[PDB]
Structure formats: C-alpha cells, structure tokens
2 protein chains.
Amino acid sequence: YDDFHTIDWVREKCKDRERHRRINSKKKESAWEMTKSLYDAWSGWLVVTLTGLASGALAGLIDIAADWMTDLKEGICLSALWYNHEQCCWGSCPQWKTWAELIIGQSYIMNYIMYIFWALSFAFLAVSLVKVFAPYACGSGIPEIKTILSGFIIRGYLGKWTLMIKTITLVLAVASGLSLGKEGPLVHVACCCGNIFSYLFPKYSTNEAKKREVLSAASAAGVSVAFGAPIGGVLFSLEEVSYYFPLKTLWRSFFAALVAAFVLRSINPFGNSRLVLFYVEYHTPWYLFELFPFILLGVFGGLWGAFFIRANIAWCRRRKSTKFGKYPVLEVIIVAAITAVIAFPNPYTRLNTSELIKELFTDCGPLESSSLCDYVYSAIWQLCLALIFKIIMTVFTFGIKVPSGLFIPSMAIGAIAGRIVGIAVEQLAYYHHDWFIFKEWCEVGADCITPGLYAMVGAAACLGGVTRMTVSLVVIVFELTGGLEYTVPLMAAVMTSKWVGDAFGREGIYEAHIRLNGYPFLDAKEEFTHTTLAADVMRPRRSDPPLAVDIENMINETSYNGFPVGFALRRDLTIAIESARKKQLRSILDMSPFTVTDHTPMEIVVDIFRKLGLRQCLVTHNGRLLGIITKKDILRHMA
Amino acid sequence: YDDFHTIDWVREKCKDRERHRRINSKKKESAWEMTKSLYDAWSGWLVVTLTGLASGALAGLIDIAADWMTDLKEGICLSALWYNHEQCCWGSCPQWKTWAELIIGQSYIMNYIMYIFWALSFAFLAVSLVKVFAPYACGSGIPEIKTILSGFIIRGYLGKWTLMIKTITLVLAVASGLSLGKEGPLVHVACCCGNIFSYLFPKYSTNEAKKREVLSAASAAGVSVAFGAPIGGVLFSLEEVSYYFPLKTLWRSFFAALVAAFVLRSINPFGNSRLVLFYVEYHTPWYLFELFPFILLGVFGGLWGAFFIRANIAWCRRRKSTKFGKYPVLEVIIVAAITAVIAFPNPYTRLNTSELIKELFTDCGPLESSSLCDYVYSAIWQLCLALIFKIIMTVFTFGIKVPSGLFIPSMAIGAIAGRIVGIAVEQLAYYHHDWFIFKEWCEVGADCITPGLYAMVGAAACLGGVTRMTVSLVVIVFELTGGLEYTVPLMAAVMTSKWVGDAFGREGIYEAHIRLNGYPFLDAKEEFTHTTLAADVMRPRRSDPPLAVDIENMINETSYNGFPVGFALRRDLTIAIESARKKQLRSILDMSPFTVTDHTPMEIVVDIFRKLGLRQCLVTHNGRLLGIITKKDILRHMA
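A brief structural summary. (Residues numbered from 1 in each chain as written, not as in the entry; some residues may be left out. Chains lettered and ligands numbered in written order. Heavy atoms only, no water.)

1. With respect to the overall build of chain A
Move 1: Broken down by element type, chain A carries 28 helices and seven strands.
Move 2: A compact globule built from 639 residues would reach a C-alpha radius of gyration of about 26 Å, and chain A, at 27 Å, matches this within 12%.
Move 3: Taken along the three principal axes of its C-alpha coordinates, chain A extends 85 × 60 × 55 Å.
Move 4: Scored against the burial criterion, the 639 residues of chain A give a buried share of 49%.
Move 5: Here chain A displays about 32600 Å² of accessible surface, and carbon together with sulfur accounts for 65% of that area. (Helix = DSSP H or I, 4+ residues; strand = E, 2+ residues; numbered from the N terminus. Rg over C-alpha atoms; globule rule 2.2 N^0.38 Å. Buried < 20%, exposed > 50% of the residue type's maximum accessible area, 1.4 Å probe, protein only. Areas by Shrake-Rupley, 256 points an atom, 1.4 Å probe, with all protein chains shown as cover.)

Quick look at the structure:
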C-alpha cells in the first residue's frame, strides 16, 4: 500500500491466513518451530507492552519538559530544571528568581513585558518547528486516527521523526500558554507507538490489518497515560476510535492503557502522587436527591456545543478561504500576542488551564483558603469575564497549525459551569440551610455536596456535547477518578449533555474535523434515510460515458485503484511489469471478486462496505455484469 | 417464525426499517406522533428497567424460598418462615426446633433418618414438578440461550408458565441439597424476562431482532442479580453469550444488570447486607510477589477442566444411550438417596455449597474461631475426603433432568484448591516466617496474605477451565467483589487457567452442552482449518440427485425452509394460499437474494454467514446459478 490509499480488508485477512498456514505447516519439522510460533504469539502482546512503556515514559517526558519550559515564562529555579516550580521551590527563595529579580532585582511593567515577550518567543519557536519539520502534528490528531482506522493509508503519518516532532511541539505549544491541550493527542502518539514498536516484528510490519488491530489497541494508551485513566481509555478505543473492533481486541486493547497506567504508577521516585495537575481522586458516596443538577448542568454543556462546533468550525472555513491562511505563523504570533496582552491582567486567566482544572476539582479543606474557598462577588464577576474570554479564545484556538487539543480547555469550561451551581447552592444554603432540599437528607456537621465532583461532571457534559461520547466518557471519568459506585452520575450527565447537544445537529468536533478536512470517512453513527433504488449508487453517471472495464491512459482519466477483467490492481501491474522487464498475468489476476444484485437496496450494500470494508464490488443482474461500485462512489452519493 | 426455526437477520432488519420509515412518515401529522415516537424509543430502556426489576425481585424470591425450604431438612422456625435460620434464630431456642425435638423431644439416628427422608422427598417433588410441568428448565440453560442468540427459534422457551416453573424448580432443586446452582440460570430467567416484559409492546413482540437485542442485554441481568456483579454480567453478555453484539448494545445491556444490582441494593429492610451467602467484599491492596500462586493454582483449574469436561460429558452420553434414561426420576431419587447417604457423616460436605464458598472466602478475624481459623491435620484430611466426594458427585450432577447449575460447585472446588495454598503458606510461615519469600516484603504485625482472595481466584480459574471465560470472568470477579485495583490478578488467573485447560481440547461445558445436545451452533471461537474449494461446502452431494429448485411433496422429501425461483418461504406460501382460498404470487416473491461467486473460498463465505447469519444463499459462476448454500449444509460439512 502506497501513501493516501485504502486497505482491502479481505486481502489483509487472506495474507494473514496464508502466513498462519505456512507457519503451522513449518511447525511439523521440529519443536523449535512450535516454540517460535509461541514466541510470535507472545510478541503480539509484547507489542502492546512496549507501546505502554513508551506511552508512560513519553507522557512523563512531555510533562517534565512542559513543566520545565512553561514556568520559564515566570522564572527558573537554578538548582533544578526538569522538575516543576513547586518541586524546586519547596524541597528545603534564593534558588528561585523570577525574571524581574533577574533583570532589575526588585516592577509590574517589567513582569508584564516579560511574560509577553517570552510567551511570544515560545509560540514562535513552536510554530517554526512545526512548519519546518512536521505539518501532521497540527490538531489533536484524533479524527485523523479515526480515518486511519476507517481503512486509510498514510505511510509517513507514524514515522519516528513525526512522532518526535509532535512530542516536542506539543510540549512547546502547551508551554506557550495558548488554550491548547495534550490529553488526546497521546492517542495519535499511542497509535504511532503501536506502529514503531511493531516495526521490529514482521507480523505487524507486513500485514496492515494487524497494524490496524494494534492501533485500535493503543488508541486507549493516550487516554490512559494522559490522565491515568485506563478503562476509560480502552472503552474510548472500543466506542469512539476503532471503526472495526472485534471483542477479542478489547481485552488486548485494555492492557495497553493499563500498562501505561502501570508505567505511570511505577514512575514516582520523588514522592509525588499526582498523575496530572488536576488529579483529584474521589471516594465520596452519593445519594438520590443529587440528580437534579446532574441533568440541569447538561443544558450549558449542550449549549456550549452549539456555541463551539459552530463558531470554531465556521472560523476554520474562513481560516481556509481567506488570505489569512497564507501567513499562519504570523497569525499564531498575533494570536499568541493577544493571548499574552489580555490574559495577564486577570490572575484566573493568566494561570494555566490544567491547573485551573486542579483548582476547580480540589474540594475545600480546613487548611486551604484559596479563591474558591474564600467565603467575593467581584471575584465571581472576574471569573465570568475570564470564562467568556476563554470561550472566545479556545473557539479561536483548536483549528491552528500547531499541535492543539481541546480536552483541557473544554473540561475547564465545563468545570466552571459545574462549580457555578455548587457556589450558588452553598451561598443559598448559608442563609437558608433549612430550605427543603437541605432539610430532608443532609446531616448536621458533615459535608453533604461536593462542588468539585459537579465540576468534573460538567466537564464531562461539555465534552459530550462537543464530541458526543456516550459509552466511553462514562468510563473516562470512571478512571480519571476511581469509581464503580459513581458510574450512575456519569451515565445521566452524559445522557443529558448528549440530548441537549443533539438539538442542533449530528456532528461533533471530531466528526466536524473529519468533515471540514473531508477525510474519506464513512460515518458509523448515522443511517441512510433517502429511499431509492441501487440504480443511482453505481457509476458512471448519466453525464459520463460507459464504464471502461492502454492501462496508463485509463488510470490518467480516472483514479480508480482497481479495474475488472478476475481483477487486478495498479500496484500489482506495476510490480509485475517491472519484474518481467528486469527478467525479459494470470498468476496475479484475482478470480474471486465480490458481487451484489443490482436490485439490492442501499441499506444492505452500504453496511456491507461499512463493517466488512471491502474496497470495491461488481454489480450484476441475472448474472450479467453491469458496473463497479467503490467506496468513493458511495461517499460521493452521500455528499 | 415457528418452533425449531432459524432467523433471517436481513428480513428482521428490513422489517425494522420499514417500521421506522412508517412511524416517521406518520410523524409529520401532529406533535402527538412525535411524542409517541419518543415513547417508543424509550420503550427499550423501559423494557430493560422492568427486566432488572423482575431480575432483582425474583432473585430475592428465589433466595427467600430457598432459605425457607432448604433449612426444612433440619427444622423450621414457627414464628417466621420466609427468612433464614439465622434471621429467626438471632433476632431476639423455643422459636426453633430441630425436628428431633419435634418427634422425640431430645438422637443421632433420628436426625440421620429424617434428613434422608426429607432429602428424598424434596428430590421427588422437584423431579415430579419439572416432568409434569416443564422439561426445558433442565440444566443451567446458558448454552440454549447461546443457541437462541445464534439464530434459533423456540416459541415456548420464554413463556410465563415455563418461567415460573423454572423459578420454582430451581428453588426446589437447590433446596434438595444436590450439587447444583442457580447463578447462571438467572441468565435464562433474565432472557425470558426480556421477552415477557417485552410482550406488552408491539415494537419488541413484532420484530425478532429486537428480541435478540434485549436477550443479549438481559443475559447480564442474571450474572448481576445472582452474585451482585453488574459489569461482570454485561461483559459476560458481550463476550460469552451474545453471538452478535453491536457496541451500542453494551451500554444499554449494562443498565439491565445494573438495575438488578439497583433492585438488589434497595431491597434490604431487615438490615442484612449480604448479596448472597458468600458475598465477601474485598478492599485489601496487593503487591508484586503474590503473583507466583496466581499462576500455579491455574494448573488444577486447567486440570479440573480435563477432569470435568470429560467425566461429565462422558456420563451424559451414557445417560442418553442406556436404559437408565428411561427412568430419570428414579435415577434422581437414587442420586438424591446417595446424595444424603454419604454427605451426612462429614459436617463439611453435609453443609450447603454456597455457604461453603462463604466459609472459604471469609477471611479470619480476631473473633471468629471456625474450622478454617482453627489453628487440625485430621480436619484437613476430612476436607480432602469431602473434596473428592464433591468431585465424584458434581461430575455426576450437571446433566440431570432438574434445573442444574455448576457455578457454585465449580467455584467451591476452585476455592478449596486456592485455600489449600493459603493454608500451606500460612503453616510454613508460622515456623519459618523469616523465609526469603516472607523476609523481603511483609511487615511485622499486619496481615500480608489473604487466603480468601486466593480461593476466589482459584474458583475463577476452575470456571475458566470449565467454561473458558477470559474477557468477562475478570469482570465477574471484578464486580462480585469491588475491584479496579484487583483486575490484574484476575487476568493472570484466567490466562493460566485457560492455558492449562486448553491442553486437552477446545470445548467447554457450555460448548460441550451445545455439542452433546448438538444445537445448531456455529462455533465463534474457532476458525476453519481444512483447505478445500467451494464445491465441497455446496449441496446436493455426489450421492444425491440434482437440486430441486407439488410443493408439499417437495417439502416432504427435503426439509429446507425456502427455495429459489426471486425466492419464497414456506410460511409465506402457507399464509398466501390460505388467504387466497378464504378469498375465492409475485407480491410475496422476494426478488433480492444474496449471491456469492462459486470460486469464493470457505473462509469468506463461512464468516459472512457467521456474523450476518443469512439463512441461505445462491451460488453463481459467471452469472450462472449452480446451487443453494444454507446454514444446515455448512454445519453438516463442519460435522
């Protein structure tokens, strides 16, 4: 398979069966052959083992470099550099020097211009690296992985150079302070890992369907290592990523995510337990009457989707249809510039996004007296201004040519939404604790409602309304914070969020990021509704001549990778002709093409290409061949 | 569809789509139609709600009657009857009377003879009821559900009368004291529930594909309500039961099991928390060095498979091939007789099977001084004698014409095996606690190894070696005892058990219970290995005349449900002829049969029928029809 191509699942399966039969036949020689077959079987799993090892080590390296680099916008702790501010400023401020102490030694003007200028420099370095070294890293990368799992070939998409470039550029961009996130892209990276650590073995480097299996397995590795959420990751792989996913892969897939967690469980020498900035475990049981917010909040979640999947996508089109796209770097600079100009005055916006999630999730404690535990109206007004600014920004942030993610800012918006309700209920109860909702159940002297859990549920609701995740996102918040008695809230919150967000359309940000780019994706959550015969689905059309069942001109006129006679392929013809010329076509002609009755309705043939994924087929009536039907033709009919 | 028939999935889907289009076309009249469509959409989840409600209520009723009745073998509490021995003997022995006090007022001889006599009587009542009222209830019932989910019609299999008869007979049999279990059969019940609580709604009683969807969903309801293990049940539905299972059925499915859990969470007025006799929760963290037994024990687990799936199945064949099968009642009587004749002398065997699991799982406490906490060699010797007796008994117990289950007996055998290792390690450490395996990690003064968790893992290993459960059984022990930090042990345990048990064959007790009965099951865990052309799988054979493409005699000669012309069906012809005769065939002739190239290999045709499950197909070569390929033909070729 060459670049920008689609796999023929049947050929992959047939090659796999040939390889299995050959190895089993060779097994009848000596015990070494059966032992080698066992080693191959166990190497199939060592693939995921190495995948997770890399997932954990690289998530740690990404967090290390991000902490080392982002805090450079405020200072650097001379003693140590690969730790964070707190680590090198607490383990004992002469070892610490904010750049004002560096240049003047004493003030607000200097810090303002400092944060601005170095923030612009970090953004400039990030964009320069991405442009000159790798374009693919642009975007969270999840929808590209979806198209890849849909049977789409991109040779260099999983290269070592591209992987390292994405790893470095994501760190740089996150350090930039822009409203961009890292949580998802580790799926991309995980997928890349699944290939790189599979290249060492012929089984996964000479059978692309097995690469697909490993990619479906590893897709969970990022969602596990980014958060520390293994099962959430594996069910995210099952639902949202893998276009085809036999159950036998689920358990395999999970190990990937789990091993990443395992790695991120083992990597902790300095006695730091946090899996991420905002890793707030939850073990507080719930009760019946808490369900009212769990639905109500969803509205904003859904409403937020209406705000985002429109605004963002709209601007993206204007990003691709105007002169602006001719100078992306400058745009990012200007973007970064405004980000620095307006985000400094408000401390709430000036601080990071993931750590903002940490603050939102951190339940108040008797020792902590932070802003959210400060018991003030002006602070809430400033928080509202920060929320609107973050909205307008992260809308204008996802579709930029720098490694970008919206897991974190979307969760932040949802967490603000959820904590609004907690603040309102707490302030109302302070004066009317005897009011009915608090009179019946709550006991005196004990915490009864936790705003942080509601903020997490609100983040989940916004992510459901932006990406439309139902069966996994429940597990993602199941595992970002230990659950199995808190599965009920997530199902209800996801239901309400999805319902409210469905009021406008049927496309998420991932589906929208597949639409605007328009990768050849056959949507799986939809079903054809137009009633029609199959006379329309096949081609050529009435405006085109009869099908052209010498070869070079035919390939020039039309771009169909295969033609009928059996059937042959362009790559097969090329290699056969080259070999014959170097040495001087029945053996390559495939005598078993698939066929469907011309009278067959769309609702069966479409799904046959959907889950089985054959590239093309022939259409016959009473045994008379009529034409060829391909994925591209059916997609054009969809469009 | 009539009794003993197979389904044509494509017709189900087409009828469902027709219903959807008709309801949507009616929607454009008034908003009431939109509301009705919404109600119909929610009717599936309402069906699952009723399913779980009945699952929980009926599990409670089964346990209530079982406790009320089984203890009758030793006495009864005059004050109360629907509770258990402990409830009526602790809530304050004048209210209690072991019927030695009833008949003589004082001794061992009387107790022995009465336990024997009522043992026989309970056996006789159970067999009489099942014979005269319902034959289906025999067996755990899981593999029959598998076949039903594989495309098999049994009209009365899910009747209210059969459901109630099975519910009562399961209680009676469990009370009989024989080595038989319930927890599986609640899948059958659950499946039946899905049908009964679906009968009230035309959507689900007039399109059989939706019945299969709910059957797959509810298959988890039993595994949840029985143990109290919802997620284990839902992944058991995904892996082990549902022959076809779109991921969209997972989340739906889960609620069913969860509802059971919910129904079995709310049902607790008398302040009893136990979900079952042996519900021992676990929250004790684990460490690295514990892994050595987790593999070693598997051997017996796997070995147990070789012992069971042979012994049981072997006798079952001799049960169906000798004069014995002509008097099953007497056999059960004799069985019952021996069951009580040799089980009384040993207290360990004389007590129940699930409560034995309770004892094995219950970790020792500072107050308890029971046998397993009695710190003795002779006691272990009688334990071994009881283990061998239980082996030789339960092997001769599963295939009896009484509602029977092996979950509890197999779990008990495996728990005994697992606790053997715990006893050995504890007794070795008591003298050599300074040994290397205990020197490095364990801390002084704190419990370091829990034998009950090992017993649970051993029970899981035996169940894996007997039924070959990998991806769900982990979740079953995940939820029977709260996990998510104890998933790792289960995966290794199932891996080792399955590996050791695979050394002998590829059939479990469920697969063997599908083979011996020989229901038309297409093994989904196997792949065709023989190399052949499509000419082999085709029919008629060389020993049969040409295919018979008047109708009554044709049907008499061969028992194929449909034939080509389009194509028609026997039921269609019958109904059309009856209607025409009552009134004084193109409208029914189906013009879109499926076709495959004659040169197509078995490895594609077989898998196309495997998952889609089309009843039959026509085979063409260059457009010329040659023959018809059906499920029965391919299965015969497999046989």
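2. Remarks on the relation of the copies chain B and chain A
Between the two copies of this chain, the relationship is a rotation about some axis together with a displacement along it.
Move 1: Its rotation angle being 180°, the transformation that places chain B on chain A also includes 0.0 Å of axial translation and leaves an RMSD of 0.2 Å. Each copy turns onto its partner about a two-fold axis. Minimal C-alpha distance to the rotation axis in chain B is attained by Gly623(B), lying at 1.5 Å.
Move 2: Residue by residue, 92% of the interface of chain B is reproduced at the interface of chain A, so both copies engage with the same surface. (Least-squares fit on C-alpha atoms. Contact = heavy atoms within 4.5 Å.)

3. Considerations on the side chain of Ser55(B)
Move 1: Structurally, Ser55(B) is set in helix α2 (residues 31-70).
Move 2: Once residues lying within four places of it in the same chain are set aside, the contact partners of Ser55(B) are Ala221(B), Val225(B) and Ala260(B).

4. Considerations on the pattern of salt bridges
Residues and elements named next belong to chain A.
Move 1: In the structure shown here, the tally under the stated rule is 39 salt bridges over all chains.
Move 2: One salt bridge in this structure joins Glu18 and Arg22, with 2.7 Å as the shortest N-O distance. Here the residue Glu18 and the residue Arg22 both occupy positions in helix α1 (residues 9-26), the gap between them amounting to four residues, near one helical turn.
Move 3: In this structure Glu18 comes out as partly exposed when scored by relative accessible area, which is 31%.
Move 4: On the basis of relative accessible area, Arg22 is assigned to the exposed category, the value being 56%.
Move 5: The partner of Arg19 in a salt bridge is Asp40, and the shortest N-O contact between them spans 2.6 Å. Here the residue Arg19 occupies a position in helix α1, and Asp40 occupies one in helix α2 (residues 31-70), the gap between them amounting to 21 residues.
Move 6: Using a relative accessible area of 25% as the deciding quantity, one classes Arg19 as partly exposed.
Move 7: Salt bridges sharing common partners tie together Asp16, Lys210 and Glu213. (Salt bridge = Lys/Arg side-chain N within 4 Å of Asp/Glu carboxyl O.)

5. Brief notes about a nonpolar patch on the surface
Residues and elements named next belong to chain A.
Move 1: A cluster of nonpolar side chains, namely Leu102, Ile103, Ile104, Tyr108, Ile109, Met110 and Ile113, defines an oily patch on the protein surface of about 690 Å² accessible area.
Move 2: Contributions of two or more residues to the nonpolar patch are made by α4 (99-103) and α5 (108-133).
Move 3: Here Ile104 shows up in the loop between α4 and α5. (Patch = residues over 30% accessible without salt bridge, like charges linked within 9 Å, V, L, I, M, F, W, Y side chains within 5 Å.)

6. Concerning the state of the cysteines
Residue and element names in this part refer to chain A.
Move 1: Across all of its chains, the model carries six disulfides over all chains by this definition.
Move 2: For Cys77, the disulfide goes to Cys88, at an S-S distance of 2.0 Å. Looking down the S-S bond of the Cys77 and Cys88 bridge, the torsion is -65°, so its handedness is left-handed. Placement of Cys77 in strand β1 (residues 75-77) and of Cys88 in helix α3 (residues 85-90) is noted, with a sequence separation of 11 residues between them. For the pair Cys77 and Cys88, a shared accessibility class is recorded, and that class is buried.
Move 3: Note that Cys442 is cross-linked by a disulfide to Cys448, the S-S spacing being 2.0 Å. One disulfide, between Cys442 and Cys448, carries an S-S torsion of -90° and so falls in the left-handed class.
Move 4: A relative accessible area of 31% means that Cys448 is categorised as partly exposed.
Move 5: Each disulfide in chain A links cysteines that, numbered along the sequence, combine into the pattern 1-2, 3-4, 5-6.
Move 6: The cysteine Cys191 is free of any disulfide, with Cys192 supplying the nearest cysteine sulfur at 7.0 Å.
Move 7: The exposure class assigned to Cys191 is buried, which follows from its relative accessible area of 1%. (Disulfide = S-S within 2.5 Å.)

7. Description of the packing of aromatic side chains
Move 1: This model, assessed by the stated rule, comprises 52 aromatic pairs over all chains.
Move 2: Residues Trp9(A) and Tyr244(A) carry aromatic rings whose centres are separated by 6.1 Å and whose planes lie at 85° to one another, so their mutual orientation is edge-to-face.
Move 3: Both rings, one in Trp99(B) and one in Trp118(B), keep their centres 5.9 Å apart while their planes meet at 65°; by these two values the pair is edge-to-face.
Move 4: Its relative accessible area of 29% is what places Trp118(B) among the partly exposed residues.
Move 5: Put simply, the rings of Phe227(A), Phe278(A), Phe361(A) and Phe407(A) pair up and form one aromatic cluster.
Move 6: Lying over the aromatic face of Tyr199(A), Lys160(A) brings its terminal NZ or CZ to 5.0 Å of the ring centre. (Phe/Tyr/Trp six-rings, centres within 6.5 Å; stacked < 30°, edge-to-face > 60°. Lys NZ or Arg CZ within 6 Å of the ring centre and 35° of its normal.)

8. Focus on the interface of chain B and chain A
Move 1: At the junction of the two partners, chain B supplies 38 residues and chain A supplies 37 residues.
Move 2: Counting each side, the surface lost to burial between chain B and chain A is near 3300 Å², with a carbon and sulfur contribution of 70%.
Move 3: Interface area lost by chain B to chain A is led by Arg17(B), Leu247(B) and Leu484(B), which between them contribute 17%.
Move 4: Applying the counting criterion to the chain B and chain A interface returns two salt bridges.
Move 5: For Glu603(B), the salt bridge goes to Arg17(A), with nearest N and O atoms at 3.3 Å.
Move 6: Linking chain B with chain A are four residue pairs in polar contact.
Move 7: For the side of chain B that touches chain A, the elements supplying multiple residues, two or more each, are α1 (9-27), α11 (230-241), α12 (248-266), α22 (473-480), α23 (487-501), β5 (595-597) and α28 (602-611) of chain B.
Move 8: Here the side of chain B that touches chain A is composed, by residue class, of 21 nonpolar, 10 polar and seven charged. (Buried area = accessible area lost by both parts, 1.4 Å probe. Polar contact = N/O pair within 3.5 Å; in protein donor to acceptor, adjacent residues only side chain to side chain. Nonpolar A, V, L, I, M, F, W, Y, C, P; charged D, E, K, R; others polar.)

9. Some words on the sheet that holds strand β6 (residues 616-621) of chain A
All names here are of chain A.
Move 1: Strand order in the open sheet formed by three strands is β5-β6-β7, and the pairing between neighbours is mixed. Each edge of the sheet is formed by a strand with only one pairing partner; in this case those strands are β5 (595-597) and β7 (624-630). Neighbour-to-neighbour, the strand axes of this sheet turn through a mean angle of 35°, independent of strand direction.
Move 2: By the bridge criterion, three bridges tie β5 to β6 in an arrangement that is parallel. When the bridges of β6 are listed, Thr597 appears paired with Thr620. (Pairing = 2+ DSSP bridges. Axes fitted to C-alpha atoms, helices over the stretch in contact; angles between N-to-C directions.)

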